[PDB]
Amino acid sequence: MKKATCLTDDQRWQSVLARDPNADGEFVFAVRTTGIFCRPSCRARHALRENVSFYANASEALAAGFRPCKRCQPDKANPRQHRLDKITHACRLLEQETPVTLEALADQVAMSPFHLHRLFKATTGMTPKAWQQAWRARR
DNA sequence: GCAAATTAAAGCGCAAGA
DNA sequence: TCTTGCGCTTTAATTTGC
Ligand SMILES: [Zn+2]
């Protein structure tokens, strides 16, 4: 809602402060005071808008000569929901074959199949192996 | 200007329960 | 035999001071 020429940095900031996961991935915000640029929903802490600018992507911010927040850089912004769509597919595999399939996931994060469920809840937000079971019950 | 210290939050690991 | 909830720790970034 209310979008300037594809960069209402004014509300983008309202998104950065509002931690709107819907502006995450769409733009970043670079605080020159610290030389960092986070997503609109950074979970570490914040600096005034003053030294804060916005970028279409983290690479643009990365191009401003800033250090991407190790909290907002490794995780996914709007791409977050897309990586969560991938996990749902993980549910299919856990109900598609007979033996459960987490080996590719567990190896990717370096954790057991139960912790993969814990990740499914972390990203989805509140349902690890239970989200796997529900999806499988409706899929 | 440059640094250190603090606060905040997320997620991993552990446990217990069913 | 399998599962899920909760806690705590660690990580990270921000703020202020001189
Ligand atoms: Zn951040």
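As recorded in the PDB header, solution NMR is the method behind this entry.

Chain A appears in the PDB entry as Ada polyprotein from Escherichia coli. Per the PDB record, the entry is named "NMR structure of E. Coli Ada protein in complex with DNA".

Visitor: Hey, could you run me through the coordination of the zinc ion in this one?
Guide: Each donor-metal-donor angle in an ideal tetrahedron of four donors is 109.5 degrees, and each such angle in an ideal octahedron of six donors is either 90 or 180 degrees. The zinc ion binds to the protein through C38 (SG), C42 (SG), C69 (SG) and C72 (SG); the donor distances cover 2.3 Å. Viewed at the metal, the four donor atoms of the zinc ion are separated by angles of 100 to 122 degrees, and the geometry they form is tetrahedral. Written as a sequence motif, the donor arrangement for the zinc ion is C-x3-C-x26-C-x2-C. Of this pair, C38 sits in strand 2 (residues 36–38) while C69 sits in the loop between strand 4 (67–68) and helix 3 (78–96), and the two are 31 residues apart along the sequence. Of the two residues examined, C38 and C69, each falls in the buried class.

Visitor: I would appreciate a short explanation of the domain arrangement of chain A in the present structure.
Guide: When the parts of a complex come together, some accessible area is lost, and that lost area is often taken as the interface size. Entries for chain A in the domain assignment read domain 1 (1–77) and domain 2 (78–139). Here the C-alpha centroids of domain 1 and domain 2 sit 28 Å apart. Between domain 1 and domain 2, the residue contacts involve ten residues of the former and five residues of the latter. Summed over both partners, the interface of domain 1 with domain 2 buries about 580 Å², with 38% contributed by carbon and sulfur atoms. The interface formed by domain 1 and domain 2 contains one salt bridge. With a shortest N-O distance of 2.7 Å, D24 and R80 are connected by a salt bridge. Taken together, domain 1 and domain 2 are joined by eight residue pairs in polar contact.

Visitor: Sorry if this is basic, but what is going on with the packing of aromatic side chains here?
Guide: Each aromatic ring pair is described using two quantities: the centre-to-centre distance and the angle formed by the ring planes. Taken as a whole and judged by the stated rule, the model has six aromatic pairs. Look at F37 and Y55: their rings are 6.4 Å apart centre to centre, the planes differ by 40 degrees, and that puts the pair in the tilted class. Of this pair, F37 sits in strand 2 while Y55 is found in strand 3 (residues 52–55), placing the two residues 18 residues apart along the sequence. In this pair, the class of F37 matches that of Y55, namely buried. Every member of this aromatic cluster is reached through a ring pair, and the members are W13, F27, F29 and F54.

Cut-offs and rules
Numbers given to residues start from 1 along each chain, in the order its sequence is written, and need not follow the entry; residues that have no coordinates are not shown. Working convention: letters from A go to chains and numbers from 1 go to ligands, in the order in which they are written. The basis for the side-chain values is all heavy atoms of the structure; hydrogens and waters are excluded. Note: metal donors comprise N, O and S atoms at 2.8 Å or less from the metal (3.2 Å for Na, K and Ca); water molecules are not included, so apparent gaps in a site are possible. Square planar and octahedral sites, with four and six donors, are those where opposite donors lie more than 155 degrees apart and all other angles lie between 65 and 115, tetrahedral sites have four donors with every angle between 85 and 135 degrees, and the rest are irregular. In this text, helices come from DSSP runs of H or I with a minimum length of four residues, and strands from runs of E with a minimum of two, each type numbered from the N-terminal end. Each residue's exposure class comes from its accessible area (1.4 Å probe, protein chains only) as a fraction of the maximum for that residue type: buried when under 20%, exposed when over 50%, partly exposed otherwise. Where each domain starts and ends comes from a domain assignment, either automatic or drawn from a database. Here a residue-residue contact requires only that any non-hydrogen atoms of the pair lie within 4.5 Å. Buried area counts how much accessible surface, traced with a 1.4 Å probe, disappears from two parts once they are put together, with both parts' losses summed. By convention in these notes, a salt bridge is any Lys or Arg side-chain nitrogen within 4 Å of a carboxyl oxygen on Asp or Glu. Throughout this description, a polar contact denotes any pair of N or O atoms lying within 3.5 Å of each other; where both atoms belong to protein, one of them has to be capable of donating a hydrogen while the other can accept it, and for residues adjacent in sequence the pair is counted only when both atoms sit in side chains. Each pair of aromatic rings taken from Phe, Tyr and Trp, with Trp reduced to its six-membered ring, is defined by centres within 6.5 Å and is described as stacked if the planes are under 30 degrees apart, edge-to-face if over 60, and tilted in the remaining cases.

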